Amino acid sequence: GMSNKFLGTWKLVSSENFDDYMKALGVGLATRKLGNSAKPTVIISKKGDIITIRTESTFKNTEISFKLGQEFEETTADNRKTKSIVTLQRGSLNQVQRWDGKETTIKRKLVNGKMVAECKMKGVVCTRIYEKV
């Protein structure tokens, strides 16, 4: 299953193209400004076969709990109500969110002890790097 090397608390240290990513999602300007300013913390944890990914920022906190490969209801930070599935592919945690006939993917993998999130919406690709705290 998911490597335990994912487990822990992670701090955003880099973001690239997040603004176009948020635009692609339909996020408005004032909200994009706060999203570009945010340096969130991501806490990954597990209890049994339930994985929890919690995101904490001054603007918005979010949290999802799921079992691999089982679709669940998610409320995103920009308040989309999505049906989502997290899968494991070559050590990459891959989240797909679907709503209103659209789809975005967030792929999280470990690289030299950092966590790299790649976010994809309509060909826009955003890259966010996190360091373990």
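Start at 1 and count along the sequence shown; that's the residue number.
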Practice prompt. Take the C-alpha B-factors listed in the entry for 78-86 and for 29-37, compute each mean, and give the stretch with the larger one.
Written response: 29-37
Worksheet item: So 115-123 or 17-25, which one's hotter by mean CA B-factor in the entry?
Response: 115-123
Practice prompt. Determine which member of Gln70, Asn61, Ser65, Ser45 has the highest CA B-factor, using the values in the deposited entry.
Written response: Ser45
Worksheet item: Ranked by Cα temperature factor within the chain, is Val96 in the lowest third, the middle third or the highest third?
Response: middle
Discussion item. Where does the C-alpha B-factor of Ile51 rank in its chain, lowest, middle or highest third?
Written reply: lowest
